[PDB]
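Structure first, commentary second.
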Amino acid sequence: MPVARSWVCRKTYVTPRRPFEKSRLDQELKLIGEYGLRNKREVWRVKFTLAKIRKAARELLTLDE
Amino acid sequence: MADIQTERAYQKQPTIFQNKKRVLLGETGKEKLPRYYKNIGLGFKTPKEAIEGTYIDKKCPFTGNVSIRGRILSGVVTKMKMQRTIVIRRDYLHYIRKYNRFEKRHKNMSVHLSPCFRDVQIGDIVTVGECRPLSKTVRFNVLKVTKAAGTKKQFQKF
Amino acid sequence: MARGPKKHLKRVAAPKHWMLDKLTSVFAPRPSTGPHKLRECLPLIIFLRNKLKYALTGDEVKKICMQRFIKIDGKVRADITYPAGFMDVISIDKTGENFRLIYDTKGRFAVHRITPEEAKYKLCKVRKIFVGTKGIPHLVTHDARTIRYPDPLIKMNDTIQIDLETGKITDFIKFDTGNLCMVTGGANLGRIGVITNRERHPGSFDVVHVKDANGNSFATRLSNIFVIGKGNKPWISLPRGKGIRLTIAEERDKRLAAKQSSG
Amino acid sequence: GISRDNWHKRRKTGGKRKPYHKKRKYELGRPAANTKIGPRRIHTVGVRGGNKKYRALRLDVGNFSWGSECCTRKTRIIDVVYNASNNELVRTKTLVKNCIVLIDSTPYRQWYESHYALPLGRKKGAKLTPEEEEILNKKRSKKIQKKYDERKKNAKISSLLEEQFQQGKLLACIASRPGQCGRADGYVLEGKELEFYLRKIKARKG
RNA sequence: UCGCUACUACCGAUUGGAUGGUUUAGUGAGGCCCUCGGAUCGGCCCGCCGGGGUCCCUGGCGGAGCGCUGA
RNA sequence: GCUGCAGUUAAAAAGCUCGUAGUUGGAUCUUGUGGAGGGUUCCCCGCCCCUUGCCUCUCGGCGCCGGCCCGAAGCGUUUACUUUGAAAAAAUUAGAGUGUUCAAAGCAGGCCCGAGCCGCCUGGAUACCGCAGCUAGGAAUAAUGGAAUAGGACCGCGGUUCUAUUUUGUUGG
RNA sequence: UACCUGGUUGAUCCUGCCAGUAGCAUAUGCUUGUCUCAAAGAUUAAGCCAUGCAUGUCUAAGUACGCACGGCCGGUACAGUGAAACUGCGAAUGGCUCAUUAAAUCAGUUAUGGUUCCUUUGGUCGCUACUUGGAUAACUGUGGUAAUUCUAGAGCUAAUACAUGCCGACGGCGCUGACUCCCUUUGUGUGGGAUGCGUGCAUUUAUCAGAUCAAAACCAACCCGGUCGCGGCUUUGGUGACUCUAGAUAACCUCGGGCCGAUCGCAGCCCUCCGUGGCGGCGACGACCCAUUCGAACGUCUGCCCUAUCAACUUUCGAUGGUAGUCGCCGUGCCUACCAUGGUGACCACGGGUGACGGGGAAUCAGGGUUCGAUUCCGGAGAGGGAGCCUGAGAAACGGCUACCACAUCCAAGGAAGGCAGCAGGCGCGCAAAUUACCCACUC
């Protein structure tokens, strides 16, 4: 049936491709410990908003001044 | 020419009438029939053979009961075994976008060709316009014939 | 199946220029059959409820209309989904105010208040000319009005002025180069300029070129051109912004500089 | 029931097509009128949009034009003599557009004789003098004989019609659609049309 | 090659079995169209009575022809 | 595997040659000085030889004391290509504004005395929308075409046949 | 974020595949505190369905003798609220599902100069009459069957239902032409003129006219400025294009079977005027014809998944085309008679397959791609399977009807009734999908 609802939503983070990379594990824990966070998802949110900002600036730098 | 009533019913143009009064002509005579013909528009020109002729054809653009509207197209004359109709070929290139390359294709049209064009041949170029449906498979009618942009009929002196 | 005509309209299918919200409902008002096309009108309920805000619900609109307060082209209309459109006048004699429907430069109907002596006439574009029995000449306008015995100089695409108390012709403007016009369809909807060239094709569509007050140039199909003044001067008062269509960078800079919207 | 659709039949290539939907009402057809000669019997049908159509089953009379003389009158229909489409239609006497028919000459003869002040259909003096000579000759002050040169210098009819008038019957052609209009109505054969159909009638049986 | 234990497919007697689509010859419900049919129901023409009037209107009872004419 | 794979020995070149459709196909036919924007010569005007390549009308405004000039039109051998106009539902996607307590969302919202303001300001952008059809500039590259059984052209002549039925004062001859 | 790692050997370098790694969407296991959103019997079986609901409707203004309720008393048509019944309108939209369907549906693009159109909006609405006819329902009264939203016989009465039909405003203008008057016995130029016939818009057929351009010279008779040979001219509208629109003539006409009002409600008026002749203010409802609006239908150009263990196919059993007609809202082999011998294909026809409804779109993605789309917006199709048809502006309708085929309920065995792929709910199926709840407050 038709209904007055809406269905727009999206995810705000992405999971890393290598699960057990030693160089990645302790770097993420040092950010959790210095800023007082709850879990890894709370770090992966901030990497995703920065990646979207840099993806837009890299497009605009192709166009003529 | 000298006879046209080859059918079981009498053949005439609508909208033309012959007076049965003041009929005297003496030792000679003149045409009992005036001729109906019209302008098509769109910058086309009516053939001399339609105005000076004596044929009957109701589907003719110049001397019959059709209206030229919508698309104007062209193609190459390729077969003509039917009577007052011909087949023409249209060739084109189709783009396939996964590759960056083209593909050759064709289609055929059956079209109505009146008298007033009488020297057409296979490999001539023809221009056509839309009509109302004229038969089961026919929707287009010949407006102009040419052999420009190509080799002669017989030798170069033609 | 479809065994006859339809009588509903879904809210995501409704015309974009009405600016209906997404979440109150499934349906929108289907405009009543009438003088203007379904895509090109404004239903009276959307004007009273959503634009002027005199009513909070469709029932508060119904009990404004049934008291006989609302006039369109000088006639009282009780129908809440009546299709009002371009150049029409709405009068509300109880509050003492008058309006005319004209496009905003972003392609939507503005509210535009007018003085009561300007509420006495409207401008009409000619659609057809023909001769009836006994040789009597007839005229047809863009809003379905039929007139007998027009002036024999009035031709196709011209603009005529009529008085609303009697419905008879008073004066007219010829379609020719140098006259002022407004654009009533396509992407250039709601722009104003002078006619500068007409380019014609036998079969298919003619194209008109138009020039702005700031010297910009734009074009459209001849069916989208409405003439509004002989030479440089209009026969009607015009809304804020006067059809000039400034770009998004100019609009940003005035919004920062003027500090409007309570900055 | 009966229907007039395009989708029941094959395409240009010779290939079949499968049905797209059930039969719709706007694709309808109905049986033929098969109009006979006889005293008036007409029936009416309701058609798409709520309009009415008239179907003639029997007709005895029609309206016909003698276009050469600008004369038209209501006239009795006698018989059918030629049909270009099918011989069973003349064997069973059915009336349709462009059928060839025989009609009563009388109302044209009466118009001509009173308009031109001359006889037309007459054989010998026994069918001229004993009655109705007072249609031809009367007192006419300054309009007696010479002023009728406006008539008499253009009165001569074609030899092919003067041979028909003496038999009391003219050939005519049906121009209306009797199964659609309820009327049988047309024009008198003349000139090269009359020569064409007289040759076709004679060449079939005579 | 021969032999033991699992598992998958082939050939085939059996005039095998179930379901579905094409199609020859014969039959054919029900609607619609056409040519007929005519149960039954009215009006207009001939008495007497009554209301109005210079024997007719017109209500009612009633019988012969049930004419003529409509559904 | 188009960008972008492989076939001596790991899987894989028909035993050999001809040949119609399909795909692909050699070279060639008009340039440098002067001025603007910009440089220290090349992209827009006008020129060695042609610059819209021609042309001369007529219904129709301009410039000036009738005649001669300058904007339409016949149109530039025909197409692909490329650049520009027009015309194509909304929602979704991209994207601008905006402290839903933040966010996913939504289309809102913001000023001021107290209530005597009988209120005021402001949004609901914009882009994209293959192919096919329509439209106006460019002319390299790739198709396509003209006189060899000579035809283009001159305010050039001539025989003969058809013929509109204008200009004459009209209806008829 | 444009990426790789384990496994053939005694050890080495390759080929190559298996296994690992990350997302997405269906089922399933273990586990669970707060708060804002919200998909949900598509996959198998378009399989079968107990019970309840899902479409009705009245204003000042079509018909009020219901004692049904009621007033200060009375019908001056007749008060006032008003059940029932007749009449009008709607029920062809909405909602559900995805079986069929490969140039079909569908998308972009164009066309009706080849058609139809309830309603809205604007034109148009003057070739017994101070008001006609009979007959039914509600109601009253008497019944039949095991049984249904089954209906029969008898007594009453209405209209905006059904059927008739004037008055007013004929005074049209063309054609006939007894007679009569004037220049010239006729002819030929005149002006009168007794008397007949037809004379609005629609309908069927036939005929007529539609004006414009270049240059002179003779002749009959004259427009006209003038008199017994020269100057000067005139007449619906429109398209790229009509056998268009408007006009003139001769007939037709549908009748029982085209229009031109025998209708309803508020405030009262002005007078050779005392309640009369009318003229008139506001409407309501209705109907023939144009133009609109909402559409519908038919046609143009270009665009499609796999298959040759499908290479030739179609063709009076209409295949391609011509001439005349029938039928239809209209173009057309749509169908019939006669005639011709055509039409499509290696640039893949014709045939077969599809766990195939098409599109806007969705997941994944360096650049290029691969896979998916039953599903809230738009288009199509269908209500167990096939077929036929009534009513209406619109249906080949299934919350309409008739029959065959498959299921199946009640019975007094004579008969009668039926269609959840609407909302809840049930059975069957299967790995697989929620309550027989409340309300018209919001949106329409």
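For neighbour counting, all protein chains shown are included, and Cβ atoms are generated from backbone atoms with ideal geometry for every residue, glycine included. Rule-based calculations on the coordinates, nothing more; no lab input.
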Need pairs with beta-carbon distance below 6 Å; first residue more than 19 Å from C:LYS122 (Cα to Cα) and within segment C:218-235, second acidic (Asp, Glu); sequence gap 6+ or separate chains. C:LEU222/C:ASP206
Could you grab me the full set of residues in segment D:179-206 that are part of a loop (DSSP other than H, G, I, E, B), within 11 Å of chain B (Cβ to nearest Cβ) and either in contact with a strand residue (DSSP E or B) (Cβ under 6 Å, 6 or more places away or on another chain) or of a type in the set (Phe, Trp, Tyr) (or both)? D:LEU189
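Residues are listed down the side, and each one gets a yes or a no for (1) more than 22 Å from the chain's Cα centre (by Cα); (2) within 14 Å of chain A (Cβ to nearest Cβ):
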residue: C:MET1; (1), (2): yes, no
residue: C:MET19; (1), (2): no, no
residue: C:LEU23; (1), (2): yes, yes
residue: C:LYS53; (1), (2): no, no
residue: C:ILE64; (1), (2): yes, no
residue: C:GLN67; (1), (2): yes, no
residue: C:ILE70; (1), (2): no, no
residue: C:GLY96; (1), (2): yes, no
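Give me the strands (runs of 3 or more DSSP E) completely within segment C:43-107, filtered to those with at least 3 residues that are of a type outside the set (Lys, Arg), ordered by residue number.
Strands (runs of 3 or more DSSP E) meeting the threshold: C:89-92, C:97-100, C:102-104.
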For segment B:103-158, the count of residues that are in contact (Cβ under 8 Å) with a residue 12 or more places away in the chain and in a strand (DSSP E or B) equals 22
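What's the total number of residues in segment C:1-19 that are in contact (Cβ under 8 Å) with a residue 24 or more places away in the chain and either in a loop (DSSP other than H, G, I, E, B) or within 16 Å of RNA strand E (Cβ to nearest atom) (or both)?
From segment C:1-19, those in contact (Cβ under 8 Å) with a residue 24 or more places away in the chain are C:15, C:17-19; that's our starting set.
Narrowing further to those that are either in a loop (DSSP other than H, G, I, E, B) or within 16 Å of RNA strand E (Cβ to nearest atom) (or both): C:15, C:19.
Residues that pass the stated criteria total 2.
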Any idea which of (1) within 14 Å of chain B (Cβ to nearest Cβ); (2) more than 10 Å from RNA strand G (Cβ to nearest atom) is the one D:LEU118 doesn't satisfy? (1)
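Inspect segment A:12-23 for any residue being away from chain C (no Cβ under 14 Å) and not in a loop (DSSP other than H, G, I, E, B) and give the result as yes or no. Show your work before the answer.
Of segment A:12-23, the ones away from chain C (no Cβ under 14 Å) are A:12-23.
Now restrict to residues that are not in a loop (DSSP other than H, G, I, E, B): A:22-23.
Scanning segment A:12-23 turns up at least one residue that is away from chain C (no Cβ under 14 Å) and not in a loop (DSSP other than H, G, I, E, B).
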Quick one: which of C:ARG252, C:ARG221 is more than 18 Å from the chain's Cα centre (by Cα) and either under 27 Å from C:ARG39 (Cβ atoms) or near RNA strand F (Cβ under 9 Å from one of its atoms) (or both)? C:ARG252
Filtered residue count, segment C:97-108, keeping only those that are of a type in the set (D, E, K, R), within 18 Å of C:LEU48 (Cβ to Cβ) and surrounded by 17 or more Cβ atoms within 10 Å (Cβ to Cβ): 1
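Please work out if C:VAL111 is aliphatic (A, V, I, L, M), within 16 Å of RNA strand F (Cβ to nearest atom) and loosely packed, with under 15 Cβ neighbours inside 10 Å.
On the way: aliphatic (A, V, I, L, M): yes; within 16 Å of RNA strand F (Cβ to nearest atom): yes; loosely packed, with under 15 Cβ neighbours inside 10 Å: yes.
Considered against the rule, which asks whether it is aliphatic (A, V, I, L, M), within 16 Å of RNA strand F (Cβ to nearest atom) and loosely packed, with under 15 Cβ neighbours inside 10 Å, C:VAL111 comes out as yes.
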Only one of (1) in contact (Cβ under 8 Å) with a residue 24 or more places away in the chain; (2) away from RNA strand E (no atom under 16 Å from the Cβ); (3) outside any strand (DSSP E or B) fails for D:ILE103. Which number is that? (3)
Does segment C:115-125 include one or more residues that are part of a loop (DSSP other than H, G, I, E, B) and among the hydroxyl-bearing types (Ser, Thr, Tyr)? yes
Out of D:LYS143, D:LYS97, which single residue is assigned to a loop (DSSP other than H, G, I, E, B), within 14 Å of chain B (Cβ to nearest Cβ) and not hydrophobic (A, V, I, L, M, F, W, C)? D:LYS97
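State whether one or more residues within segment B:112-121 are touching a helix residue (DSSP H, G or I) at 6+ places or on another chain (Cβ under 6 Å) and surrounded by 10 or more Cβ atoms within 10 Å (Cβ to Cβ).
Of the residues in segment B:112-121, the ones touching a helix residue (DSSP H, G or I) at 6+ places or on another chain (Cβ under 6 Å) are B:116.
Now drop any that are not surrounded by 10 or more Cβ atoms within 10 Å (Cβ to Cβ), which leaves B:116.
There is at least one residue in segment B:112-121 that is touching a helix residue (DSSP H, G or I) at 6+ places or on another chain (Cβ under 6 Å) and surrounded by 10 or more Cβ atoms within 10 Å (Cβ to Cβ).
Return the residues of segment C:15-40 that are within 18 Å of C:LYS106 (Cα to Cα) and more than 8 Å from RNA strand G (Cβ to nearest atom); say none if nothing qualifies. Talk me through it step by step, then tell me what you get.
Here is the first cut: in segment C:15-40, the ones within 18 Å of C:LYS106 (Cα to Cα) are C:15-20, C:39-40.
Matches in segment C:15-40: C:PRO15, C:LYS16, C:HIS17, C:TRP18, C:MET19.
What are the residues in segment D:51-79 that are part of a loop (DSSP other than H, G, I, E, B) and within 14 Å of another protein chain (Cβ to nearest Cβ), if any?
At the first step, the residues of segment D:51-79 found to be part of a loop (DSSP other than H, G, I, E, B) are D:51, D:60, D:67-70.
Within segment D:51-79, D:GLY67, D:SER68, D:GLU69, D:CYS70 qualify.
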Quick check: anything in segment B:90-108 more than 12 Å from RNA strand F (Cβ to nearest atom) and under 14 Å from the mean Cα position of the chain (by Cα)? no
Just to be sure I understand the filter: pairs with C-beta atoms under 6 Å, separated by 6 or more residues or on different chains, first member in segment B:60-89 and within 19 Å of B:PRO47 (Cβ to Cβ), second member more than 6 Å from RNA strand G (Cβ to nearest atom) and basic (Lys, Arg). Which pairs pass? none
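Yes/no per residue for (1) within 13 Å of another protein chain (Cβ to nearest Cβ); (2) farther than 27 Å from B:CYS131 by Cα; (3) charged (D, E, K, R):
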site: B:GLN11; (1), (2), (3): yes, no, no
site: B:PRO14; (1), (2), (3): yes, no, no
site: B:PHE17; (1), (2), (3): yes, yes, no
site: B:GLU27; (1), (2), (3): no, yes, yes
site: B:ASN39; (1), (2), (3): yes, no, no
Residues of segment D:1-32 being under 30 Å from D:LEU57 (Cα atoms) and either more than 6 Å from RNA strand G (Cβ to nearest atom) or more than 13 Å from every other protein chain (Cβ to nearest Cβ) (or both), in sequence order, are D:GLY1, D:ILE2, D:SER3, D:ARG4, D:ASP5, D:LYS23, D:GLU27, D:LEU28, D:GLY29, D:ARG30, D:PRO31, D:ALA32
Within segment B:53-61, does at least one residue satisfy the condition of being under 27 Å from D:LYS192 (Cα atoms), in contact with a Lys or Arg (Cβ under 9 Å, 6 or more places away or on another chain), of a type in the set (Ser, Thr, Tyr) and within 14 Å of chain D (Cβ to nearest Cβ)? yes
Flagged in segment B:24-53 as surrounded by 12 or more Cβ atoms within 10 Å (Cβ to Cβ) and either in contact with a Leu (Cβ under 7 Å, 6 or more places away or on another chain) or of a type in the set (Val, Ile, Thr) (or both), in numbering order, are B:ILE40, B:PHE44, B:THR46, B:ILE51
From A:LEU29, A:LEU25, A:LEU37, A:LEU60, grab the single residue that is within 16 Å of RNA strand F (Cβ to nearest atom) and surrounded by 10 or more Cβ atoms within 10 Å (Cβ to Cβ). A:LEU37
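Given the criterion within 11 Å of RNA strand E (Cβ to nearest atom), over 23 Å from C:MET1 (Cα atoms) and more than 25 Å from the chain's Cα centre (by Cα), identify the matching residue among D:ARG58, D:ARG10, D:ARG30, D:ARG41.
Within the list D:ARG58, D:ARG10, D:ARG30, D:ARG41, the selection yields D:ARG30.
Just the residues that are within 24 Å of the chain's Cα centre (by Cα) and outside any loop (DSSP other than H, G, I, E, B), please, taken from segment C:25-42. Walk me through how you get there before you give the answer.
Step one: list which residues in segment C:25-42 are within 24 Å of the chain's Cα centre (by Cα), which gives C:28-42.
The one that is within 24 Å of the chain's Cα centre (by Cα) and outside any loop (DSSP other than H, G, I, E, B): C:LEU42.
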